Amino acid sequence: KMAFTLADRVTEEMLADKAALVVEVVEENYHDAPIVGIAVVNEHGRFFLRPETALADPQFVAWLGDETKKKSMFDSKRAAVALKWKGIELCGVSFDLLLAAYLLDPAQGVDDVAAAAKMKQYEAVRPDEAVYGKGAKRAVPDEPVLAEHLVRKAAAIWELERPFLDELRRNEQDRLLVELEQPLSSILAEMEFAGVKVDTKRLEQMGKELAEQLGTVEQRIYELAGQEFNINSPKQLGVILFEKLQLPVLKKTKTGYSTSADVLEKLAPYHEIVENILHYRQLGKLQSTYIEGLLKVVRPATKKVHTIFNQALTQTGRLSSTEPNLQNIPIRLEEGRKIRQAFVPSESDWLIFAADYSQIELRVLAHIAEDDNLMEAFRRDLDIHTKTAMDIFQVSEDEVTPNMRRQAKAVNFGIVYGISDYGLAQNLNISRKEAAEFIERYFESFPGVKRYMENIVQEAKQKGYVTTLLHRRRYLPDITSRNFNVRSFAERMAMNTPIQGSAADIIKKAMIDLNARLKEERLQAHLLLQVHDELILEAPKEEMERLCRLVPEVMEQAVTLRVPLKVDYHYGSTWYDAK
DNA sequence: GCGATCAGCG
DNA sequence: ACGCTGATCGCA
Ligand SMILES: [Ca+2]
């Protein structure tokens, strides 16, 4: 129904200096995945190319790698990475419809061309799920059906660039697309393709030791419970705790008794078994998610894991990381932290370098709220998390453990993002009356933060959305909801999203500036991971001293705020040691 | 497939 | 009854 040329060879009119390009990778994880078909739409017509002909054609490969031949695409990182796995470089992507839709409205959840096109009343393209099917039925359709689908997707991109750019421009987001998110997409593609090397010998030894400890603890649990059961069965775990042993019920779920860690910790005075259950779960989590789960996704020939950073998923502008998630590798308990010993440089005599913004969202908050006291604190480079731990636990600076400071961190963020006296009292195991007074004291020291929390909710009501420093946007329809509980969740989103989102904007700019600086200095150092406000690199040991000066400076100077930004950084033989 | 749970970032 | 996530697991 849509006209196109099913081409048998590449012709010069397919190699124009502006085109919509589709390089179709159907598998969810695009690492080392098949490219099933290619479509090109430009001024001269519409073309479908089989990958075996197009990607072996030297002129088509050259066109893909020529940055002066501009391509408009949807999810260009998926294409870039799949092409890297084919030994082909993609350059010249000047418009990514996925990132444009994400910026316009992240709540749309746009995950294919059809969903983006619907934002602009364009419906002459099918959803990918209607074409490929779902689950066990998923399959590449017959070539004529595939070709028309890929051509229709390219035609949609070709038509949709201008109205998406026009709305981006009206939102003050066109530079956010072109100078931040699209350059970041190329950097993430390099990081994902580079991967992180894993010490599978050490990981597997840890797993064998874990399984022994797990059985020991499992037996002591059966013995403390007087009987055996399925320690992961709620119905059975609930029976043991809250019926057999008759422990108090502090919380319910929609489905029954709650056994979350906060509940178990409050029951520790009543019975030894709850601490064993906690230890059992923590070891099991390491075993299932971080030993077995990681070994599953290691590529055996290179011993590398290749995450996918989802750049158009979170509602605040953060990235997320999937299969494996390398943004939640354990660190806080020593037993879990040892997992990071398995993350190693990819070459001999290279090292891992990790750099982290200090108290990033409080510094962003001080800038946006213009709170005199919070700005003065960071101008003094005070550690507000430590200062809050001193006050909470009534200790001196010297006595603050990493654990008190971790807890004080949740108090600081809890309060500025709208925690109630009830929530605070439950977190600190303190009186509700004390919790409320401490919150009141907190806002006496930082009245500008209070004013900002009030103003930003009003602004979200008037405008219908909130923005970040670099003009990311999040619509909050529920902020005028008549339902108190629904309105309240929206109000805490108005409080949090501009801060968490501006911190996401800053580190993204930092990554672009860092990559350019590393290229300027002709260093071999390169990014491996981003963990929200931390950057993890690897480099030859001979570059470490230059990186100690280069990286903190690039990160500190990415933006200029009313308070300084501050970067902590370490390096070492494994990720474990980069602290 | 979903809810609880828990690993991380703030 | 602070916010943003992803993986595993049992299923009340
Ligand atoms: Ca930090």
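Each chain gets a letter, A, B and so on, in the order its sequence line appears, and its residues count up from 1. Computed from heavy atoms alone, side chains included, the values below leave out hydrogens, waters and symmetry copies.
- Considering only side-chain atoms of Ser260(A), the nucleotide from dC6(B), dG10(B), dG8(B) that sits closest is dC6(B).
- Comparing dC4(C), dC6(B), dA4(B) by their closest approach to the side chain of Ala261(A) singles out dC6(B).
- OP1 or OP2 of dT5(B) sits under 4.0 Å from a side-chain N or O of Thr259(A).
- For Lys566(A) (side chain) and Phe378(A) (main-chain N/O), no donor-acceptor pair under 3.5 Å exists by modelled atom type.
- Listed pair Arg492(A) / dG3(C) meets the phosphate criterion, a side-chain N or O lying under 4.0 Å from OP1 or OP2.
- For the OP1/OP2 pair of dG10(B) and a distance below 4.0 Å, the side-chain nitrogens and oxygens of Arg318(A) include no atom meeting the criterion.
- Applying the 6.0 Å contact sphere to NZ of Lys450(A) captures no more than 12 heavy atoms from other residues, nucleotides or ligands.
- At least one side-chain nitrogen or oxygen of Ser258(A) sits closer than 4.0 Å to the OP1 or OP2 atom of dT5(B).
- Using a 4.0 Å heavy-atom criterion, one finds that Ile499(A) contacts no nucleic acid atom at all.
- Residue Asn485(A) is classed as a sugar-phosphate contact, given heavy-atom separations below 4.0 Å to backbone atoms only.
- A close approach under 4.0 Å does occur between a side-chain nitrogen or oxygen of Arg332(A) and OP1 or OP2 of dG8(B).
- Taking a centre distance below 5.5 Å and an interplanar angle below 30 degrees as the stacking criterion, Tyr290(A) does not stack against the six-membered base ring of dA7(B).
- A donor-acceptor contact shorter than 3.5 Å links the side chain of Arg487(A) to the backbone of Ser481(A).
- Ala410(A) comes within 4.0 angstrom of a base, heavy atoms only.
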Contact pattern, 5' to 3', of nucleotides 7-12 of chain C - B, S or - by protein heavy atom under 4.0 Å: BSSSSB
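- With hydrogens and angles ignored, a donor-acceptor pair under 3.5 angstrom links the side chain of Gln500(A) to the base of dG3(C).
- Nucleic acid contact for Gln426(A): none, since no nucleic acid atom lies under 4.0 Å from a heavy atom of the residue.
- Counting non-hydrogen atoms under 4.0 angstrom, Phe489(A) reaches the backbone sugars and phosphates but no base.
- When distances are taken from the side chain of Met493(A) to each of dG10(B), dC4(C), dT5(B), the shortest belongs to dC4(C).
- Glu556(A) and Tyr357(A) share no donor-acceptor pair across their side chains, judged by distance under 3.5 Å alone.
- The phosphate of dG8(B) has neither OP1 nor OP2 within less than 4.0 Å of any side-chain N or O from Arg406(A).
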